[PDB]
2 protein chains.
Amino acid sequence: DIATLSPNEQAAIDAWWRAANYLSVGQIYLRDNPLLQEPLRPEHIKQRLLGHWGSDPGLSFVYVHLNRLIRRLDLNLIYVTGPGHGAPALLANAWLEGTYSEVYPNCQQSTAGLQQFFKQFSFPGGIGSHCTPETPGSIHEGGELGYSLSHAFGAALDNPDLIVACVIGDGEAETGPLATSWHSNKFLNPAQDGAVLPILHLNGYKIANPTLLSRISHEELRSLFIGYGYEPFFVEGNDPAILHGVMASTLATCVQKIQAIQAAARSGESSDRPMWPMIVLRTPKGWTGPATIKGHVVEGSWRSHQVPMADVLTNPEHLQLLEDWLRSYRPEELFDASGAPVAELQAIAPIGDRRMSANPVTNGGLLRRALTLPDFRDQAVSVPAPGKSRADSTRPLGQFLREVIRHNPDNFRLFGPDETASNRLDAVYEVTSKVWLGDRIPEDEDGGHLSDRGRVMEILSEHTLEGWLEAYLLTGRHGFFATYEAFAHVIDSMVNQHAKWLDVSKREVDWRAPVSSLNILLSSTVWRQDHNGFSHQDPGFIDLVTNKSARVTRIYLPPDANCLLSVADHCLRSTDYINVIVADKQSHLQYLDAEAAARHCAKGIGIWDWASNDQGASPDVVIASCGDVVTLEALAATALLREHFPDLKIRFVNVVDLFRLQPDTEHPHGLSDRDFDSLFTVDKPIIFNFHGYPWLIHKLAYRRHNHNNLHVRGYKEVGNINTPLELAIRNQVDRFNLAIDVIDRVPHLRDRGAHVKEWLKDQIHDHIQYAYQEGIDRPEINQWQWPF
Amino acid sequence: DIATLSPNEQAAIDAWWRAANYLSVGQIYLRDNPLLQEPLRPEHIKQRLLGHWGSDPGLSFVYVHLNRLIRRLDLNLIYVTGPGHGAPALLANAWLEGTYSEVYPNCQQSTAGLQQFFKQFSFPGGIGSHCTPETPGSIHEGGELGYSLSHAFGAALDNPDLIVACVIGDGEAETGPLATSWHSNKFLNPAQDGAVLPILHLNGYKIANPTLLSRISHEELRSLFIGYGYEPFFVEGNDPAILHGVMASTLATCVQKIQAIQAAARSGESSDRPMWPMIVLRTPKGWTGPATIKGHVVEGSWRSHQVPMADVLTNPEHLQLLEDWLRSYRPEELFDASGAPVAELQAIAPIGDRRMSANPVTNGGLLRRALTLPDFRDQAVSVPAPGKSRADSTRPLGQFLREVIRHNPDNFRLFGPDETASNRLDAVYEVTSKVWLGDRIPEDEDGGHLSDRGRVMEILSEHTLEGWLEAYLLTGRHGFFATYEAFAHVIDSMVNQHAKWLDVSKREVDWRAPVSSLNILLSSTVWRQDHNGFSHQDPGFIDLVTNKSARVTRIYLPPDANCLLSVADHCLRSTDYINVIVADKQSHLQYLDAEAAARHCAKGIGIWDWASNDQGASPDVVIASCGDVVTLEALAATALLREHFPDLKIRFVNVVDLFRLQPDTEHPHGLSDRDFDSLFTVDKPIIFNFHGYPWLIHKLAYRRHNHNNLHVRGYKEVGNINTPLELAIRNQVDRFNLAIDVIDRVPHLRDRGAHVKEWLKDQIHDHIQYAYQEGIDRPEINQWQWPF
Ligand SMILES: Nc1ncnc2c1ncn2[C@@H]1O[C@H](COP(=O)(O)OP(=O)(O)NP(=O)(O)O)[C@@H](O)[C@H]1O
Ligand SMILES: Nc1ncnc2c1ncn2[C@@H]1O[C@H](COP(=O)(O)OP(=O)(O)NP(=O)(O)O)[C@@H](O)[C@H]1O
Ligand SMILES: Cc1ncc(C[n+]2csc(CCOP(=O)(O)OP(=O)(O)O)c2C)c(N)n1
Ligand SMILES: Cc1ncc(C[n+]2csc(CCOP(=O)(O)OP(=O)(O)O)c2C)c(N)n1
Ligand SMILES: [Mg+2]
Ligand SMILES: [Mg+2]
């Protein structure tokens, strides 16, 4: 009798829904007099209304019916809200369950608690209008639309007993990222992962337009979700007396199908991909709000999206409508004299960690277990002599990540947009494979690396991969994201959203435990351009990330393979950060052995003694590099200057942790003035070679005592199909251009360096001509090794 | 008999396809000996192979069959290529048609022309590996995937006789932007617009993984495209002798259905949304290439994506396979002794502007007609006294765009993500409406503003709107894009792609005519936060645009409504630029009348005489602003300083064209040192108030003679739910913080300004406290007017 809804049971469910709707309206409008004991006066009304109403009745309607199944079936549910502007609905249900009073004791169940609960919403010094980290039971705010469903599937990974109910706005379903994320059911393994129950809140409008999903035919809407791989169930209507029974029947059927799917998969019976149930809920927008305002239809219209009436403070006619709207929920029957919800409502609230707002999954940092990291020195390459041996930079990292996967079989995942093979991380395929629940063919057995239980997620949507990983981290797990630097601008908005979530959680919300870091590896750079990737690719993603402070993000540019291992090992232990690691995958010179790499990465920035020439003396010039390809040209420029100017003293500095250039006043992570002046002197020229836009170095280190001697050479522009040396010449980061820059900058080389400067320009001409004749660089350039 | 393919006609079509495939392989591999007259030696082979092979046979297969219908039905087709890495297929077919020889006379039809044609591809000093602007008949490079389909619909707008054939790679179909762009058929009016014939190139793989669209069941794939609103036709096979007739039949059926749809709609017989035909083409990847390499399957596998053999240069065995691969196309039967294609191939080539590569639509700048712009002074607000009257800033712009739409009924469109009403541009609804082909209800007659022939495009996907507009401009039309600044990070990648296209077209490609500018209006700013928009919204899009230099991008921050009209009028006449206009929509003070606004916008930056105090004297301080909200605080700070320091002389400077801060050496648009020193003195402090990150002003004007006196205040962090004055206080751009900044910077106020500085701090405390207890600012702040 789980499907059938008792008339006695329906009354309590309906009463809860009215109470949830009443509190939603109170949060938007009222700042005083929560229960209308006295007549509603304009001094009780908020000024500058900012909350949204249209989506709230639908969100609360789903919430109360999900609570019914939790009590009856002991389900482990969480609630992911697509329309984040419907935050007051989520807070209202959290308050009714008692979760909000536990987390925030100032908002008690009493009347005085309701004064604070209403006053705080969308108010200065209170809380926001979206599902911010302050919201209990929230892993995602719907401020930026299109990422809700990918977050739902990210939370369901490796959570076999968890069912994630994702409510999706119909306008949000028009966005790019959301349309693709429907296909995430081809990467969800029913045997080992949880289930996502997507609910399409098809209220027909978004802000001022009808939504295209609502205005297509019912047959097209059904065919669309069959094509996405779902089994759609439609709950449509406008009468709550009818929709309560329909919604209860539909949700019960969906949960039974979900549990039947998981039971079949976990017995080794139906290992093929199933058709997951989904619900299309078609209800009026502003369902229980005012019917008409100023003669225009408001309920079931786009006019109820923000507020049915925004001028209640000015004219008494709309103030009376607001009071009539509030009294239509009959609050006298819902709250007792003390202000607490009546015992009828208390009986149907779930208990403990079953409440969808006290669920520990939504505060995943509490469930987080540190990774069992193997010693990365086992994968370290052998560097007997710095700058003389060649090795693939990312191949040791793949072997290291292979051992992380082996030792963390359910805690760690690797995310990549069909570039794991391209990024030369194939070593992870020796222990695991790529998850694939779609159809398989015998041709995939050769080198496909596909299985239903792979630890590597592979889909071409950068939005979907980022959504999966962000929710995977926020639910207490660990991950690693590997992609090309060219396609990093695609996830600019998603990274900004996650950076805001981490920053608010760490500073403003005390009860949210720290989660694992978002580790992004940009495995192919803009200097060693390969077959894939557009021509004018730029390192603009580094600049965008740096806009956020060192408080929440870090940039690492390891110069070789052993430094990449140390950086990856350190970042797999950090918690509240967005770690961006830039490392090219081409065969490169190796500089530091395992022990030197660990020391160098711990310092973030240091002097390379083997490449330096100024031991026990003041250097004539400081040559600094940041980036593997950039570092090679700086070293080659150093070797050229040592051969032609034997008396020239050069100090070589390598920067790995880019944010250490900022002064320690701006952030504790940065170098102090004494430390900065010890590395880069107080008066000598600094020739800084940078992998990225040169202006960024200036932005970070303008408050230094020697900023007037900081010369930065970096990315400017990319012409089509430059050879690696030709591209460096165009941007003037080449060995020859750097040597020319040193000759210009060093005061005592401005006359004696003229003949060398002319010879360097001849070399630039010769190599450019050879690149046009052959399409490749000379063997001497490709096989260059550090002399001395 | 158009559907049936003659055996004689099939032979020529097959011969053309082999010739196209032969030239694709030659472009990837050969740099000499185009027709194998002598044995293939390793010196004929390119070094650093960069072209892609897997997608080429499918692209050429579609191309030759489209040419058949052009010759038979006289269709006006263009070819939009999703897999841009399959560029050598497009160039090969352009060469066979003779288009490439006309555009590039160095690559003639002869054997000598083939030496240059093969040598240039993916070569330094040649052409790129994607469909760059150098490619004839290309409006879109498939470097960044996901935008091909939205570009196809943008080209079809207002082009009733045009059919756009868009080939979509199955890997590309997994991306976010492409998944939602299928719904563009709900905005494409059959009576007035063209038709898009999407062809899904379902070769089963993308780079190293099977595509999810290929591995779902046929019933799911069919249901997916029915749900998208299409009528899918499946062309599946691997034998070309059989697939040639199937493809010819399917394309003929699709075109007849398209013309039947347009004929029914243009007679007023049925104005309902039709089911547009689409084609699913399932062919092996690397279709005619080597079957197996090193014992692994290559044809019909992901291993053929880049190159079946990447080692032909080293070992002779692979070199022999390459020659056997080339001879499998039988080039002795396809090219004449002189190297021209045989007369059999010449017969089936289209003639003139029907060739899909000589189609003038793809070089839309040739078809561009300048807009009939009305005089914007008719919409100008009345400003009898600067800084005293108030008006909505964007409403005059809406009335101006209303008249632009009226005078350009088929040449101009407005694009917005359901924010036209929010951005207060409702005036455009007085002449036109929003295009909507979905189901309509009588409730839409009140304020829906929906019709099948609206000039305003309204979908919630920012990716789709940007794709529509970019192709609309590249085909020679005009448009205006209005959105929120908060959601501008969504289109970062798309704007980067369009910036590359404009920059290469203007500089490197001589035959491409200039197209209209991409005019982006960010109608809601981060300083006036409203109901919509997430908590932590930042002006980072301005920074990303400025990475592209002044050659291709311009940033305008008009201070009031009349300046917005002048900026919008000027930008509707510019051609090869990305114009970003930042203008808040809230009710603001008005400063310049119609004539003064036109003069100020022409200069880009100037001294406001009415707000200045230093006439005939050296100013003590220069107060500069850039942005409407920022300008208000700068003026209020100026008024405060005038009241408390009657002897203080203040020069007020307003910046509208942001790039004029750059020196004229960097770009001719920038101010010279003489002009910059006349506005901002050579030795006085400059208090610069900026709408955006302060570091950007430093980046633009670091090399100025008075940069040591430039003190910039801008956006730092928006926090959550701050009142407008409170948000300015947090970022220290408020009137009180600016006045404090002036007191510190001016040398003779450092002692006499101490008591005023304490009073200013007391005001900051008072307004913050009032904002916490009321949620709104004081009426004195809200109703502030310029005194004097
Ligand atoms: N003080 C500064 N503030 C902001 N950006 C700067 C500054 N100095 C240089 N830049 C930017 O960084 C790049 C390189 O400048 P810089 O690091 O000074 O090298 P440089 O060789 O000294 N060139 P210049 O300073 O013009 O003689 C340029 O493209 C500038 O846009
Ligand atoms: N070369 C530069 N000089 C000054 N500021 C810079 C430079 N490059 C970037 N900036 C940025 O500009 C912002 C604004 O600083 P600024 O305009 O100098 O104001 P200010 O009052 O002078 N503060 P300060 O310069 O540190 O004493 C800083 O926070 C930096 O992030
Ligand atoms: C990409 C994007 N564009 C625009 C917005 C602005 N916005 C916020 S809420 C909203 C309405 C869409 O709501 P819908 O998904 O229809 O939800 P419902 O009202 O049915 O809950 C819009 C356009 C946004 N958040 N994200
Ligand atoms: C968003 C994005 N991610 C990654 C890439 C890298 N890339 C370039 S070509 C390509 C293959 C796409 O496969 P598909 O569209 O099926 O092409 P086809 O099989 O026809 O070659 C990929 C992933 C890209 N261009 N865009
Ligand atoms: Mg909606
Ligand atoms: Mg493919």
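Restricting attention to segment B:687-725, and to residues there that are more than 15 Å from ligand 1 (Cβ to nearest atom) and away from every other protein chain (no Cβ under 11 Å), which single residue is farthest from residue B:544 (Cα to Cα)?
Only one residue tops the list, namely B:687.
Against the conditions (1) near ligand 1 (Cβ under 9 Å from one of its atoms); (2) assigned to a helix (DSSP H, G or I), where does residue A:678 fall short? Just the number, please.
(1)
Considering only residues of segment A:159-183 that are touching a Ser or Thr at 6+ places or on another chain (Cβ under 9 Å) and more than 10 Å from chain B (Cβ to nearest Cβ), which is farthest from residue A:359 (Cα to Cα)?
The selected residue is A:168.
Hey, any hits in segment B:498-512 for a residue that's within 16 Å of ligand 4 (Cβ to nearest atom) and over 23 Å from residue A:175 (Cβ atoms)?
Yes, some residue in segment B:498-512 is within 16 Å of ligand 4 (Cβ to nearest atom) and over 23 Å from residue A:175 (Cβ atoms).
Looking only at segment A:503-515, decide whether some residue is aromatic (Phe, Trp, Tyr), more than 30 Å from residue A:392 (Cβ to Cβ) and in a loop (DSSP other than H, G, I, E, B).
yes
With respect to residue A:624, is the statement that it is in contact (Cβ under 8 Å) with a residue 12 or more places away in the chain, assigned to a strand (DSSP E or B) and either touching a strand residue (DSSP E or B) at 6+ places or on another chain (Cβ under 6 Å) or assigned by CATH to the domain that holds residue A:651 (or both) true?
Against the criterion (in contact (Cβ under 8 Å) with a residue 12 or more places away in the chain, assigned to a strand (DSSP E or B) and either touching a strand residue (DSSP E or B) at 6+ places or on another chain (Cβ under 6 Å) or assigned by CATH to the domain that holds residue A:651 (or both)), residue A:624 qualifies.
Can you confirm whether segment A:713-725 contains a residue that is free of Cβ contacts under 8 Å to residues at least 12 places away in the same chain, hydroxyl-bearing (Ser, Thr, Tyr) and more than 16 Å from ligand 5 (Cβ to nearest atom)?
No, the conditions are met nowhere in segment A:713-725.
Quick one: in segment A:184-207, of everything that is farther than 28 Å from residue A:298 by Cα and within 13 Å of chain B (Cβ to nearest Cβ), which residue is nearest to ligand 6 (Cβ to nearest atom)?
Here the residue is A:186.
Are any of the residues in segment B:745-759 in a helix (DSSP H, G or I) and within 14 Å of chain A (Cβ to nearest Cβ)?
no
(1) buried (at least 22 other Cβ atoms within 10 Å of the Cβ); (2) away from chain A (no Cβ under 14 Å): which one isn't true of residue B:505, the others all being true?
Of (1) buried (at least 22 other Cβ atoms within 10 Å of the Cβ); (2) away from chain A (no Cβ under 14 Å), only one is false for residue B:505: (2).
Check A:363, A:359, A:423 and return the single one that is under 30 Å from residue B:304 (Cβ atoms) and under 22 Å from the mean Cα position of the chain (by Cα).
Residue meeting the stated conditions: A:423.
Determine if segment B:709-727 includes at least one residue that is within 10 Å of ligand 2 (Cβ to nearest atom), assigned to a helix (DSSP H, G or I) and over 33 Å from the mean Cα position of the chain (by Cα).
yes
Determine, yes or no, whether residue A:753 is of a type outside the set (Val, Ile, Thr), over 20 Å from residue A:589 (Cβ atoms) and buried (at least 21 other Cβ atoms within 10 Å of the Cβ).
yes
Checking the condition within 22 Å of the chain's Cα centre (by Cα), closer than 30 Å to residue A:508 by Cα and either of a type in the set (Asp, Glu) or not assigned by CATH to the domain that holds residue A:37 (or both), which residue from A:174, A:141 passes?
A:141
So is residue A:78 of a type outside the set (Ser, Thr, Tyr), surrounded by 24 or more Cβ atoms within 10 Å (Cβ to Cβ), more than 14 Å from chain B (Cβ to nearest Cβ) and not in a helix (DSSP H, G or I) or not?
yes
If I filter segment A:280-297 down to residues being touching a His at 6+ places or on another chain (Cβ under 8 Å) and of a type in the set (A, V, I, L, M), which single residue comes out as farthest from the other protein chains (Cβ to nearest Cβ)?
The extreme case among them is A:281.
Would you point out which residue out of A:136, A:177 is touching a residue at least 40 places away in the same chain (Cβ under 8 Å), within 16 Å of ligand 4 (Cβ to nearest atom), buried (at least 24 other Cβ atoms within 10 Å of the Cβ) and over 10 Å from residue A:80 (Cα atoms)?
Every option except A:177 fails the conditions.
Report, by residue number, each residue of segment B:101-126 that is in contact (Cβ under 8 Å) with a residue 12 or more places away in the chain and either within 16 Å of ligand 1 (Cβ to nearest atom) or within 14 Å of another protein chain (Cβ to nearest Cβ) (or both).
Scanning segment B:101-126 gives B:118, B:119, B:120, B:121, B:122, B:123.
Might you let me know whether segment A:176-186 holds any residue that is in contact with a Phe, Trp or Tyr (Cβ under 7 Å, 6 or more places away or on another chain) and either part of a strand (DSSP E or B) or within 16 Å of ligand 5 (Cβ to nearest atom) (or both)?
Within segment A:176-186, none of the residues are in contact with a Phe, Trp or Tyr (Cβ under 7 Å, 6 or more places away or on another chain) and either part of a strand (DSSP E or B) or within 16 Å of ligand 5 (Cβ to nearest atom) (or both).
Please find, within segment A:434-452, the residue that is nearest to residue B:211 (Cα to Cα) out of those that are facing chain B (nearest Cβ under 10 Å) and in contact with an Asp or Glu (Cβ under 8 Å, 6 or more places away or on another chain).
Here the answer is A:436.
Only one of (1) of a type in the set (S, T, N, Q); (2) within 14 Å of chain B (Cβ to nearest Cβ); (3) touching a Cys at 6+ places or on another chain (Cβ under 6 Å) is not met by residue A:519, so which one is it?
(2)
Can you name every residue in segment B:133-146 that is facing another protein chain (nearest Cβ under 7 Å) and either out of contact with any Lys or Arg (no Cβ under 9 Å at 6 or more places or on another chain) or of a type in the set (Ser, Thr, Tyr) (or both)?
Matches in segment B:133-146: B:144 only.
Restricting to segment A:189-241, name every residue that is in a strand (DSSP E or B), without any contact (Cβ under 8 Å) to a residue 60 or more places away in the chain and within 30 Å of residue A:267 (Cβ to Cβ).
Of everything in segment A:189-241, those that are in a strand (DSSP E or B), without any contact (Cβ under 8 Å) to a residue 60 or more places away in the chain and within 30 Å of residue A:267 (Cβ to Cβ) turn out to be A:230, A:231, A:232, A:233.
Quick one: residue A:482 ticks every box in (1) touching a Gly at 6+ places or on another chain (Cβ under 9 Å); (2) free of Cβ contacts under 8 Å to residues at least 24 places away in the same chain bar one, so which box is it?
(2)
Note that we place each Cβ from the backbone using ideal geometry, even for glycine, and neighbour counts take in every protein chain shown. Basis: the model, the stated rules and, where named, an outside source; no laboratory read-out is quoted.
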